[PDB]
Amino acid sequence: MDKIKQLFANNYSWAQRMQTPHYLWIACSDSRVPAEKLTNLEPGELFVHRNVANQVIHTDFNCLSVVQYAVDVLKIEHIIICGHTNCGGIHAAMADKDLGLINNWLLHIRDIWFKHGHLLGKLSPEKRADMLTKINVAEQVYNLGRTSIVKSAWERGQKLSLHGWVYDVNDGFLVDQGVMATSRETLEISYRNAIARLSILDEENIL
């Protein structure tokens, strides 16, 4: 297109005007800011997977492959799941529409919604999407830590730390959601802790 031509022009102008990976970054397909811009990391530091609503699905061959490769082959010692506010995937999950094949992918998010349905049901409707985004990140870290790949790494004494962050488009800050695991025991404790802290609602948003 003229859109494709413009892109080739931008690329040429950009390029003209102008190592080991240490992190696996699992982000969302509709997040606007690259991991590299958020973290100000040196190119090559980041190994990056992006899927809709930044999920670690138990049986997703794509994401699991990336994880096994990062951990077993690349020897990466930090995996970060990063969510973000105003997440179109999360809003897509919460809407009552038949969107087609994507809805099947998003049913995992809806399972998370129902798992925390008491919490999300005590909360004013217009605030739920942000809560769900945050809880999602906690649950995906929990899923990551329960994979065979990560359990096995921990069991053979490999150094591996999982992290679960969210960034707000309003200020650019990475906010730690509380689930940080270096072992299965630290995974269970920090997960429980994080859900408990998340379940403390602001009094002005309670139904």
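Sequential numbering from 1, following the sequence displayed.
The mean Cα B-factor in the deposited entry runs higher for 123 to 131 than for the other of 123 to 131 and 101 to 109. Between 57 to 65 and 39 to 47, the higher mean Cα B-factor belongs to 39 to 47. Placement of the Cα temperature factor of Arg32 within the chain: highest third of the modelled residues, per the deposited record. When the modelled residues of the chain are ordered by their C-alpha B factor, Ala95 lands in the highest third. When the modelled residues of the chain are ordered by C-alpha B-factor, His78 sits in the lowest third. Among the modelled residues of its chain, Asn143 has a C-alpha B-factor that falls in the lowest third, as given in the PDB entry. Residue-level temperature factors show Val179 in the middle third of its chain, judged at the C-alpha atom.
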